[PDB]
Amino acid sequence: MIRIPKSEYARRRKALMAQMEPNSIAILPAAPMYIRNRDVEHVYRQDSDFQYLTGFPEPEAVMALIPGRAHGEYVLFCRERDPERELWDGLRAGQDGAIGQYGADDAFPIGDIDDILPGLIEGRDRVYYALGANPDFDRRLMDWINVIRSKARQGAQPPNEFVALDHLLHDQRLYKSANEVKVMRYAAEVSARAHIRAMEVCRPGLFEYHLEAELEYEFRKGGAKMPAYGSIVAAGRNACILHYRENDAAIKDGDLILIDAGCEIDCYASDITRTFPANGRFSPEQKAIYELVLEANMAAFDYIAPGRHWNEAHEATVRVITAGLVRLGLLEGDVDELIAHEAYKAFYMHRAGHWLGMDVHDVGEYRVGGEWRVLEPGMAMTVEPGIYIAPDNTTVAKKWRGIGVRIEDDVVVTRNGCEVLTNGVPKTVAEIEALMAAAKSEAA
């Protein structure tokens, strides 16, 4: 269905090689497999960088890019075809599949890599790889180099330089292509439908996990292999726990529900947070806190455009929230003073957003040249201001305590401004209450 096309992976290989120095080689392993318990495996997730360059879904693989190589620049080591093992575990691409389906120029059994990779590294000046990212692989690499070190007298010369690959490759990933935006847009649409379903099913007497079930249900019907991250479904006081994950508490009349969840499609994330009343009607205190957050959400979009700096959106949300907290009497004093003294962090103690991509907290440098990154079209990020009044915050009136609200949207920088991908699930008080009322009467 919606996916990155085979040719785009080739294009990305080309773009990385075009930034490598001549006579160099880049090497990337696939992600490891993990055992969840005894012999039951965790769901497999390909490494984002390796996936970005190959689209190859299997474990036990290593790729090499060798610019200018006569027989072909892209080499893949992967599992061999094995009829007995594939009877149990599923089909393998094999070396023919790697060349044919996945576009490799040459492909070799993963079991033979020790007998082959050293020869390909021999004679190159630089090796590009993710130093420190996978220490097990880093040791494997040093062994291959030591093999070259033995023949030095045969005139085998090992490379003299190791260069950090993530610096270059993550900067590529920071600029989303049209097809990437397309996949993220689709993921966002699936996630928006999921959040709506959670709003429509919610009633007092259910548990937090009932709403998580609705989310996973819609995620998977959309084709998601897994969420972009563990879903947060936090009722009542639990909404003040930023990464609450118990998802096991009974839902009570009068609770707010905070839901931070998003699917992933073809290894591209979506990330949405909505907050809504469990009983379908915001109390006056809930409504006031919610609409303040919504004001900060809406203000942040005005500071996301080409030429704006990364932090401008966050700073806008700080201004809005601090001013609102003063208006409500939850903070006393001068807004500029309170910001300088960071008094708002009693209520809003996290950043307004992060890069979004193949990892939900995506790669890419937030600072360049001792300055905040300048935004350019194709960059994608979240906007997620929040307010959390702890249940034990004695400095505020009792009716405010235990209220947590976050409103998060996914956005892409465009030439003239930005594009919001998550408008498909509403966020005004009116639309939310309308949506929940309609579902309530349909069910009855």
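One-based numbering along the sequence shown.
Open item on the list: Tell me which stretch has the larger mean Cα B-factor in this entry, 371-379 or 58-66.
Closed with: The entry gives the higher C-alpha B-factor average to 371-379.
- [ ] Output the stretch having the higher mean C-alpha B factor in the entry; the candidates are 166-174 and 141-149.
- [x] It is 141-149.
Task: Deposited CA B-factor, highest of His350, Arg193, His71, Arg203 - done: Of the candidates given, the C-alpha B-factor peaks at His71.
TODO: In terms of CA temperature factor as recorded, identify the highest of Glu264, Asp362, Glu332, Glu189.
DONE: Across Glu264, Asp362, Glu332, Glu189, the entry lists the biggest C-alpha B-factor for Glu332.
TODO: Relative to the other modelled residues of the same chain, rank the CA B-factor of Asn311 and answer lowest, middle or highest third.
DONE: Answer is highest: the recorded C-alpha B-factor places it there.
Task: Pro385 - Cα temperature factor, lowest/middle/highest third of chain - done: Ranked within chain, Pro385 CA B lands in the lowest tercile.
Open item on the list: Is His42 in the lowest, middle or highest third of its chain when residues are ranked by C-alpha B-factor?
Closed with: Middle third by C-alpha B-factor.
- [ ] Using the B-factors in the PDB entry, rank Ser270's C-alpha atom against the chain and give the third, lowest, middle or highest.
- [x] Lowest third of the chain for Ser270's C-alpha B-factor.
Task: Among modelled residues of the same chain, the CA temperature factor third for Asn423 - done: Answer is lowest: the recorded C-alpha B-factor places it there.
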